[PDB]
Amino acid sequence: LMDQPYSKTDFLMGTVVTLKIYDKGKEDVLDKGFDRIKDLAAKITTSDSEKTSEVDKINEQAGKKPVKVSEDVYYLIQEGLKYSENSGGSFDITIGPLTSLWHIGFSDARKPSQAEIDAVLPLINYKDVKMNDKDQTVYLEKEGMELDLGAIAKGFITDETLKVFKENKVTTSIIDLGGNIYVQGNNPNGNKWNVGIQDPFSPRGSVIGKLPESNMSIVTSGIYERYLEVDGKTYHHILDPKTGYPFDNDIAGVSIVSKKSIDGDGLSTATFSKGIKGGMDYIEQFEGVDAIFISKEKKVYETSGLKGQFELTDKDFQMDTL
C-alpha cells in the first residue's frame, strides 16, 4: 500500500468524479474504472443532445415497441422497479416526463404551468414498465412515458466501478462520484476511512462531521445542491409524482450508509418523501442500512445502527434524538 495514491479526476455526468487507488502497481486500473463509468453513463443518460442512449431509445418507443437493452441497463431498470414498488410509488423511475419538464439543475430549468404538470402526472406509473427476461427488452406501455434513472444510476455505477477494482485485485481505494462515495479497505495507516458527512447548507465538499467507515458506501441527498429559484420560491430536484412539485418537509439532507451503493442511492427518494421521523422509521426496516438525517433547523439524527458513531464538528448543528 502507498501513502500517496494514484488519483485521477474528470468531470462526468455533470459533476467532478475522482478515483483513488492505494495499491502499488495498479495505476492503470484508474483508466479501467473511468472507462467503465463512461460506458455506463452513455447507456443511461438522457442529457446528451447528440446521442441516443439506451434509456432514450426506450422512451422514444413508449407505447410503440419493446426495446432491446444490454445487461447493464436491464439490471438497473430491474432494481429501479423494485425500489419503486417498495416505496409505494413515491420513488418512481417513470417520473421521466415530470423531471424532464422541470429540468431542475440545468441551464433551462423552468417552473411549468399547472396544465403542463397535469398533462404528465397520468404518465407516471412504474407498473407500466413491461419487462421480458428472455428477449431482454424493456417496454413502456403508454405513449409519452419516460424513464429517469438518475436517482439510482450513480449508485449502480459506483458498485460497478468497485467490481472493476476488485477484478483487478485492488484492495484499498476511494470512489467519489459526487454525492456517491465508496471507501474500500482502510486508510494505509490502519485507521478506518473518515468519511465526511455533507453539509446540506454548503457546497459539495463542506462537511458537518466525520463517520469512520470501511468497505462501505455513503450516498447523500439534499435540497440546496440542485434547485430552481423563481419569484422568491425555490424548487429542489426531488419531485412528488402525485403532485408534480418537490417533496417539502423537514429534511435538508440525508446520508445513507450501506454495503452496496445502489441500495443507499435507491432508498434515498422514498426516505426523503417521509420526512425526518418517517424517513428514520423507513431506514430502520432495512437491516444493514443506516442514515444520518439533517433537519432544516440544523438538527442531526442517527438511526439505530449508527448511534454514537458520527463525530459532529460543525457547531452550527446540534445532535438530537427522537
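One-based numbering along the sequence shown. We call the rigid core whatever largest set of C-alpha positions still superposes within 1.5 Å between the two forms.
Core-aligned, RMS over all structures and residues: is 161-169 or 177-185 the stretch with the greater C-alpha displacement in 4 other deposited structures of this protein?
So, of the two stretches, the farther one in 4 other deposited structures of this protein is 177-185.
How do 226-234 and 79-87 compare in 4 other deposited structures of this protein: which one has C-alphas farther from this form after the rigid core is matched?
Of 226-234 and 79-87, the stretch deviating more in 4 other deposited structures of this protein is 226-234.
Selected stretch [higher average CA B-factor]: 276-284 or 47-55
The recorded data point to 47-55.
7-15 versus 305-313: which one carries the higher mean Cα B factor per the record?
If you average the C-alpha B-factors of 305-313 and of 7-15, the larger mean comes out for 305-313.
Which one of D248, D92, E79, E160 shows the biggest C-alpha B-factor in the PDB entry?
Of the candidates given, the C-alpha B-factor peaks at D248.
Residue with maximal Cα B-factor (values as given in the PDB entry) among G155, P241, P97, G150
Of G155, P241, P97, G150, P241 has the highest C-alpha B-factor.
Lowest, middle or highest third of the chain for the C-alpha temperature factor of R204?
Highest third, going by the recorded CA B-factors of the chain.
Would you check the entry's CA temperature factor for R110 and let me know if it's in the chain's lowest, middle or highest third?
It falls in the bottom third of the chain.
Chain-relative CA temperature factor third for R226:
Middle third - that is where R226 ends up once the chain's C-alpha B-factors are sorted.
Using the B-factors in the PDB entry, rank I175's C-alpha atom against the chain and give the third, lowest, middle or highest.
According to the entry, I175 has a C-alpha B-factor in the chain's lowest third.
Chain-relative CA temperature factor third for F165
According to the entry, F165 has a C-alpha B-factor in the chain's highest third.
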